[PDB]
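So this block is run_2.csv, CSV, C-alpha atoms and all ligand atoms:
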```
chain,number,residue,atom,x,y,z
A,701,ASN,CA,-2.9,-21.3,9.7
A,702,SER,CA,0.2,-20.5,7.7
A,703,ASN,CA,3.6,-20.6,9.6
A,704,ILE,CA,5.1,-17.6,7.8
A,705,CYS,CA,3.9,-13.9,7.8
A,706,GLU,CA,1.8,-13.2,4.7
A,707,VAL,CA,3.6,-9.9,4.1
A,708,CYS,CA,7.4,-10.5,4.7
A,709,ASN,CA,7.4,-14.4,4.3
A,710,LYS,CA,9.4,-14.9,7.5
A,711,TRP,CA,8.5,-16.9,10.6
A,712,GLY,CA,8.6,-15.3,14.0
A,713,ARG,CA,6.0,-14.0,16.6
A,714,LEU,CA,2.9,-14.4,14.3
A,715,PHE,CA,-0.8,-13.5,14.9
A,716,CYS,CA,-3.2,-15.8,13.2
A,717,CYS,CA,-6.4,-14.8,11.3
A,718,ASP,CA,-9.6,-16.5,12.7
A,719,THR,CA,-11.4,-16.5,9.4
A,720,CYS,CA,-8.7,-17.4,7.1
A,721,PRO,CA,-5.3,-19.3,7.1
A,722,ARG,CA,-3.1,-16.2,6.9
A,723,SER,CA,-0.7,-15.1,9.6
A,724,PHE,CA,1.1,-11.8,10.4
A,725,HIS,CA,3.8,-10.2,12.3
A,726,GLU,CA,2.3,-7.5,14.5
A,727,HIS,CA,3.6,-4.5,12.5
A,728,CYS,CA,3.5,-6.2,9.1
A,729,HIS,CA,-0.3,-6.2,9.3
A,730,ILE,CA,-1.9,-2.8,8.6
A,731,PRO,CA,-3.3,-1.6,10.8
A,732,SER,CA,-0.9,-3.2,13.4
A,733,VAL,CA,-2.5,-6.4,14.8
A,734,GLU,CA,-5.1,-5.3,17.4
A,735,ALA,CA,-4.5,-6.0,21.3
A,736,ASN,CA,-7.5,-8.1,22.2
A,737,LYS,CA,-10.3,-9.1,19.7
A,738,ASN,CA,-11.3,-12.8,19.8
A,739,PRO,CA,-12.0,-13.8,17.2
A,740,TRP,CA,-9.7,-11.5,15.0
A,741,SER,CA,-10.2,-11.1,11.3
A,742,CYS,CA,-7.2,-9.9,9.1
A,743,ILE,CA,-7.5,-7.1,6.5
A,744,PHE,CA,-7.9,-9.5,3.7
A,745,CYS,CA,-11.0,-10.9,5.5
A,746,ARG,CA,-12.3,-7.4,6.3
A,747,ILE,CA,-12.0,-6.3,2.6
A,748,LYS,CA,-13.7,-9.5,1.4
A,749,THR,CA,-16.6,-8.7,3.9
A,750,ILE,CA,-17.1,-5.2,2.4
A,751,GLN,CA,-17.3,-6.7,-1.1
A,752,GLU,CA,-19.7,-9.4,0.0
A,753,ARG,CA,-22.0,-7.0,1.8
A,754,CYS,CA,-22.2,-4.8,-1.4
A,755,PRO,CA,-21.7,-6.9,-4.5
A,756,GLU,CA,-22.3,-3.8,-6.7
A,757,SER,CA,-19.1,-2.2,-5.2
A,758,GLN,CA,-17.3,-4.4,-7.8
A,759,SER,CA,-18.8,-2.8,-10.8
A,760,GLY,CA,-16.4,-0.5,-12.7
A,761,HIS,CA,-15.5,3.0,-11.4
A,762,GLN,CA,-13.8,6.0,-12.8
A,763,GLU,CA,-10.5,6.9,-11.1
A,764,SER,CA,-11.4,10.5,-10.8
A,765,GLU,CA,-14.5,9.6,-8.8
A,766,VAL,CA,-12.5,7.2,-6.6
A,767,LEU,CA,-9.8,9.8,-5.8
A,768,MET,CA,-12.4,12.4,-4.6
A,769,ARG,CA,-13.9,10.1,-2.1
A,770,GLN,CA,-13.6,11.1,1.5
A,771,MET,CA,-11.6,8.9,3.8
A,772,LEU,CA,-14.5,7.3,5.7
A,773,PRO,CA,-13.8,4.0,7.4
A,774,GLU,CA,-14.2,1.8,4.3
A,775,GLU,CA,-11.9,3.9,2.2
A,776,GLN,CA,-9.4,4.2,5.0
A,777,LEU,CA,-9.4,0.4,5.1
A,778,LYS,CA,-9.1,0.1,1.4
A,779,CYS,CA,-6.0,2.4,1.4
A,780,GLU,CA,-4.5,0.4,4.3
A,781,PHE,CA,-4.9,-2.8,2.3
A,782,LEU,CA,-3.4,-1.3,-0.9
A,783,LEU,CA,-0.4,-0.1,1.2
A,784,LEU,CA,-0.1,-3.6,2.6
A,785,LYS,CA,-0.2,-5.1,-0.9
A,786,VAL,CA,2.9,-3.0,-1.8
A,787,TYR,CA,4.8,-4.2,1.3
A,788,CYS,CA,4.0,-7.7,0.3
A,789,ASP,CA,6.5,-7.4,-2.6
A,790,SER,CA,10.0,-7.8,-1.5
A,791,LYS,CA,11.1,-4.9,-3.8
A,792,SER,CA,9.2,-2.6,-1.4
A,793,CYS,CA,12.4,-2.6,0.8
A,794,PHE,CA,13.9,0.0,-1.4
A,795,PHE,CA,11.0,2.4,-0.8
A,796,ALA,CA,10.2,1.7,2.8
A,797,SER,CA,12.5,3.9,4.8
A,798,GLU,CA,13.6,7.5,4.4
A,799,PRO,CA,15.8,7.9,1.3
A,800,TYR,CA,18.8,10.2,0.8
A,801,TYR,CA,20.2,11.7,-2.4
A,802,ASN,CA,23.9,12.2,-3.2
A,803,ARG,CA,24.6,11.1,-6.8
A,804,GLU,CA,26.8,12.9,-9.3
A,805,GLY,CA,24.7,14.6,-11.9
A,806,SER,CA,21.4,14.4,-10.0
A,807,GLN,CA,19.6,16.5,-7.5
A,808,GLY,CA,17.2,15.0,-4.9
A,809,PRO,CA,13.5,15.5,-5.1
A,810,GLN,CA,11.7,18.6,-3.7
A,811,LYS,CA,9.3,16.4,-1.7
A,812,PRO,CA,10.8,13.1,-0.6
A,813,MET,CA,8.4,10.3,0.2
A,814,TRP,CA,8.5,6.8,1.4
A,815,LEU,CA,6.3,3.9,2.5
A,816,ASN,CA,6.7,4.2,6.2
A,817,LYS,CA,5.8,7.9,6.0
A,818,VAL,CA,2.6,6.9,4.2
A,819,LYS,CA,2.0,4.3,6.8
A,820,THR,CA,2.3,6.9,9.6
A,821,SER,CA,0.1,9.3,7.8
A,822,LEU,CA,-2.7,6.7,7.4
A,823,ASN,CA,-2.3,5.8,11.1
A,824,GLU,CA,-2.6,9.4,12.2
A,825,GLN,CA,-5.6,10.0,9.9
A,826,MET,CA,-3.8,12.7,7.9
A,827,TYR,CA,-5.5,12.0,4.6
A,828,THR,CA,-9.0,13.4,4.1
A,829,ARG,CA,-9.5,12.0,0.6
A,830,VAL,CA,-8.3,8.9,-1.3
A,831,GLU,CA,-6.5,11.4,-3.6
A,832,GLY,CA,-4.0,12.4,-0.8
A,833,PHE,CA,-2.9,8.8,-0.2
A,834,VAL,CA,-2.7,7.9,-4.0
A,835,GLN,CA,-0.7,11.1,-4.7
A,836,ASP,CA,1.9,10.3,-2.0
A,837,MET,CA,2.2,6.7,-3.3
A,838,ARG,CA,2.7,7.8,-6.8
A,839,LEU,CA,5.2,10.4,-5.7
A,840,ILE,CA,7.4,7.6,-4.2
A,841,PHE,CA,7.9,6.1,-7.7
A,842,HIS,CA,8.0,9.4,-9.6
A,843,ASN,CA,10.8,10.7,-7.3
A,844,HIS,CA,12.8,7.5,-7.9
A,845,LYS,CA,12.4,7.6,-11.7
A,846,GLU,CA,13.5,11.2,-11.9
A,847,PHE,CA,16.6,10.8,-9.5
A,848,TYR,CA,18.0,7.6,-11.1
A,849,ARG,CA,17.6,8.9,-14.7
A,850,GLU,CA,19.2,6.3,-17.0
A,851,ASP,CA,20.6,4.1,-14.3
A,852,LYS,CA,19.1,0.6,-14.7
A,853,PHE,CA,18.0,1.0,-11.0
A,854,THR,CA,15.2,3.1,-12.2
A,855,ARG,CA,13.5,-0.1,-13.1
A,856,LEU,CA,12.8,-0.9,-9.4
A,857,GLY,CA,10.5,2.1,-9.4
A,858,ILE,CA,8.7,0.9,-12.5
A,859,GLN,CA,8.2,-2.5,-11.0
A,860,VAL,CA,6.9,-1.5,-7.6
A,861,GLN,CA,4.6,1.2,-9.2
A,862,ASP,CA,3.2,-1.6,-11.4
A,863,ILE,CA,2.3,-3.5,-8.2
A,864,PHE,CA,0.7,-0.5,-6.7
A,865,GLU,CA,-1.3,0.4,-9.8
A,866,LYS,CA,-2.7,-3.2,-10.4
A,867,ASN,CA,-3.7,-3.4,-6.8
A,868,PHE,CA,-5.3,0.1,-6.9
A,869,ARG,CA,-7.4,-1.0,-10.0
A,870,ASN,CA,-8.4,-4.2,-8.2
A,871,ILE,CA,-9.2,-2.9,-4.7
A,872,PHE,CA,-11.1,0.2,-5.9
A,873,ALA,CA,-12.8,-1.7,-8.9
A,874,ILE,CA,-11.5,0.7,-11.5
A,875,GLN,CA,-13.3,0.2,-14.9
A,876,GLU,CA,-11.3,-2.0,-17.2
A,877,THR,CA,-10.0,-0.4,-20.4
A,878,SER,CA,-7.5,-0.9,-23.3
A,901,ZN,ZN,6.1,-10.0,8.6
A,902,ZN,ZN,-8.1,-13.4,7.2
A,903,ZN,ZN,-25.2,-2.9,-1.5
```
Turn this file's structure into structure tokens for me.
Ligand SMILES: [Zn+2]
Ligand SMILES: [Zn+2]
Ligand SMILES: [Zn+2]
Amino acid sequence: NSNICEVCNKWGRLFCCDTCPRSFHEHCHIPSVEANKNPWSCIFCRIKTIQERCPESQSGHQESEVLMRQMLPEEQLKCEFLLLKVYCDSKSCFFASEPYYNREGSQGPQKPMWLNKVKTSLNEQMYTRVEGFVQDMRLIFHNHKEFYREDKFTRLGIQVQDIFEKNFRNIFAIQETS
């Protein structure tokens, strides 16, 4: 197995996947690495299994259909994995914890949002459809772009949104377009 966490790239107290060489900190994995379970399979492995059981699930889909899906177990897992893919980028640090807004010439967003809040909401089963999760994720970056205006720091929001959107299109097999 790897000797660093797949998500944060640090060593420490790591749990090892039984079906692949990845390793994780307990609360870096999403969901948090389970208490017992021998063998244990990581989220990457569980997602690959879904795909392998239903090869047709990789054919292209319309976003509008994906967003209306109810959060049954497989869609719950897919959103957990998409959230984890965001955390895998080191620039996610800017969006992880609760933000605050005190900048001359800007006003804070009406509905603040952050990764750890989305994480809690998934854990607590607060989303009934994929749309709920995707809306909160996109809100993180939209709030950032609007608050930071012309400051070059707005680019961090563009960068992390691009990670989110590419992973969304991959995980939910969105139909490729120009
Ligand atoms: Zn970690
Ligand atoms: Zn694995
Ligand atoms: Zn099938």
Can you tell me which residues sit at most 8 Å away from ligand ZN 902 (chain A), counting all atoms listed in the file, written as a PDB file with C-alpha atoms, in the coordinates of the input?
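Saved to out04.pdb:
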```pdb
ATOM      1  CA  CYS A 717      -6.400 -14.800  11.300  1.00  0.00           C
ATOM      2  CA  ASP A 718      -9.600 -16.500  12.700  1.00  0.00           C
ATOM      3  CA  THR A 719     -11.400 -16.500   9.400  1.00  0.00           C
ATOM      4  CA  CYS A 720      -8.700 -17.400   7.100  1.00  0.00           C
ATOM      5  CA  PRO A 721      -5.300 -19.300   7.100  1.00  0.00           C
ATOM      6  CA  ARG A 722      -3.100 -16.200   6.900  1.00  0.00           C
ATOM      7  CA  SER A 723      -0.700 -15.100   9.600  1.00  0.00           C
ATOM      8  CA  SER A 741     -10.200 -11.100  11.300  1.00  0.00           C
ATOM      9  CA  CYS A 742      -7.200  -9.900   9.100  1.00  0.00           C
ATOM     10  CA  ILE A 743      -7.500  -7.100   6.500  1.00  0.00           C
ATOM     11  CA  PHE A 744      -7.900  -9.500   3.700  1.00  0.00           C
ATOM     12  CA  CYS A 745     -11.000 -10.900   5.500  1.00  0.00           C
ATOM     13  CA  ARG A 746     -12.300  -7.400   6.300  1.00  0.00           C
TER      14      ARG A 746
END
```
Exercise. Write out as a ChimeraX atom specification which residues come within 8 Å of residue A:822 when counting all atoms listed in the file, dropping same-chain ones fewer than 6 positions away.
Key: /A:776,780,833
Selection export as a PDB file, in the coordinates of the input, atoms kept: C-alpha atoms:
```
ATOM      1  CA  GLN A 776      -9.400   4.200   5.000  1.00  0.00           C
ATOM      2  CA  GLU A 780      -4.500   0.400   4.300  1.00  0.00           C
ATOM      3  CA  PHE A 833      -2.900   8.800  -0.200  1.00  0.00           C
TER       4      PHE A 833
END
```
Quiz item: Skipping near chain neighbours, those fewer than 5 positions away, what residues fall within 6 Å of stretch 825-831 of chain A using only C-alpha atoms, listed as a VMD selection string?
Solution: chain A and resid 767 to 771
Practice problem: Point out the residue among A:749, A:850, A:817, A:782 with the least atom-to-atom distance to ligand ZN 903 (chain A), counting only C-alpha atoms and all ligand atoms. | Solution: A:749
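We find atom CA of residue A:706 and atom CA of residue A:724 to be spaced 5.9 Å apart.
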Quiz prompt | ligand ZN 901 (chain A) neighbours within 10 Å using all atoms listed in the file, as a ChimeraX atom specification | solution = /A:704-715,723-729,787-788
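When atom CA of residue A:755 is paired with atom CA of residue A:778, their separation reads 15.6 Å.
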What are the closest atom pairs, with distances in Å to one decimal, for all residues of chain A lying within 7 Å of ligand ZN 903 (chain A)? Consider only C-alpha atoms and all ligand atoms, order rows by chain and residue number, and present the result as a Markdown table.
```
| residue | atom | partner | partner_atom | distance |
| --- | --- | --- | --- | --- |
| A:753 | CA | A:ZN903 | ZN | 6.2 |
| A:754 | CA | A:ZN903 | ZN | 3.6 |
| A:755 | CA | A:ZN903 | ZN | 6.1 |
| A:756 | CA | A:ZN903 | ZN | 6.0 |
```
